[PDB]
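Each of the two blocks below gives one form of the same protein chain as structure tokens; they are labelled structure 1 and structure 2.
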Structure 1
């Protein structure tokens, strides 16, 4: 407009749109976009301009520019004490970038050969421990939460580390470290100034020492040559920066935390929703097609099995992520002016792009609330559940590898029944959204012949 996108009327100032938003971000966001008559628009939040990019045709405008034009650092300040100053965003873009590459090289399909069997074993344990009986009632959001942390550690943690730490203890440190997070923290740069840092630094420093000790070990076993291991930790130790330096224990600790928090809720939600959708009677044909896919697999899967021969199960997981994205907003700080469609975005704005809003556009996704694994985006790029462009998730392959394997293992040895009429409602209260906890009670039936 030789100017900014349309602005949205504030009835009660100094809050902005903070209240109807928190209740239902989706109901709210859709209202504006229609009423504004524009898929792109600014909202006020605490006197802070927030322009949401909600016309799928424009995602490229959001995801393509460099960090110097659209900076992620600022919206993500709420992460530094969980990762450490100078790690991830706190770290400067050259080194932040460097760091992500390290982690990236650890999560590549190269290192995934032992992963598919490692996952099968660790899921199969859990089932025998908690799904003991012929029939029972468990909470799926909680059981997934535990299977996810279990198999990931089984994958990315070395035997020595997993001995002197277990999944459950580490998960309890994830909860301890994270819970300092309030969603509405990222929208007042004074609130960086805790009744919770002083449990966060304790859980980190407990962890960072433990890892330090673990490193003492491996070195005084290197000349000994007892074993060969290349886990995420060991991978990061061998890490060398461009300028020949290496990661301090603190950076390394944070990166392992960052990797682990990163995947923790997102994929456990993802696994849950998928399970929820599939177990529903409205969705049997899909479960049926799911079975004609996992039916002539042997009880022990290889990397080939999940990767190249489960294409339909991939669709289910993506549709779950499409329908109910776990990260609703992705955000940047508009350091410089960027043109969006027929608008401009002024230096100083907060530009956001919402997987939640986007996945709901009717052109791109007809019946957006209908779960359809065979659906395909009808605008190209509509789906941004793993983000896009410069910042596409690096955990995508891994997340899918887990979830596909889990569904397959778990639907091979069980049936399921939702103790409800309708699939859970998304709970929009957490910074990472999943299905409502208290609705996820489900009843398993151990398959037999």
Structure 2
């Protein structure tokens, strides 16, 4: 029964704050911060109070609590049709933890034996089919997209599986599923209690994939180290296995999670590096990768490439593909001198934290050699219990593609300045039609 955060007073147009959030979210949240003179503050959306933790020193309040107190279940009901009932966020809180952890186990550094070669293998194959000429023009964003999905499938899926479901069909399933979503319904929980037609189409689409996975398992058992096999070998505390229904859901979530995020990180990283005023940084990277043979390996990429890590990390720092991390308060919580009541939605913003000037002096500058001036202010992958569990995989895959690509080609951007981000989409990246790039096959 203490002090509530200050409240931006309710506005009339229905969900109108989302339109501002989709146009310039940074200025928007910065105004909120200035006007009410508080890093912690509250806006109302569709009659849903949303409290934004906008002070980087307070990050621990947000990321520390357990799922029974700050819960993501209620904020991600949109996903239940694409992932499936009883799966991840639509799963009881214990079963949910074990599930997320099983997937995390499958993506530990300890599991990446063949990955870097499988990945180099795919990138080379891709560059050979589409970058055939001595020079040519491409959309970098679309091509990274292709590479990420193709590389992920080589790593994670066995030969038998890929033969039944290639990456291009997989990419279509993921796209169809995305397109069926209503992101703004995060603020319309009443909508999601109603029958949606496209909820049912997507469950049929996911039952087709489940069928495939089942046929494969039966085949394997006639004649189990890929993701599918790993997950089927998993055991809960009570000594039971995951259903194939749960496994199919986890695999979809895994690929869905990485489709846009990894893609966008690669694109930005490349875009900054090929930019003239960053020549200096491009040379620094050439030195680092020239120092290696051609066929790379785990150690090279993960252990022996600290400057690549910086470039990638700084790209996420400048343009976090996920603008906002959110939770449903199931029991009230302190934050600075305030309390945040149960039922509120509580939110923390990588975009905002990453442009705080105490935290990142001259935030608009991309500088791979900078460091946070506030500890924990970088939250591109979050922090705490809920920190990204595909971070190490995401980074392997991005670092490898960088290293393979820049070794074999020069890249020229076909406009003066680096692309504007497009804040209209769920996952934020560079504007598609500003991503035109001319490759040049190297001597």
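Residue numbers count along the first chain shown, from 1. Heads up, when I say rigid core I mean the largest set of C-alphas that superpose within 1.5 Å between the two forms.
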Inspect the rigid-core superposition and answer whether the C-alpha of residue 15 shifts by 2 angstroms or more between structures 1 and 2.
yes
Does residue 199 move appreciably between structures 1 and 2, meaning a CA displacement of 2 Å or more on the superposed rigid core?
yes
What is the magnitude, in angstrom, of the C-alpha shift at residue 242 between structures 1 and 2 when the rigid core serves as the superposition reference?
1.5
For residue 84, what C-alpha shift in Å is seen between structures 1 and 2 once the core is overlaid?
0.4
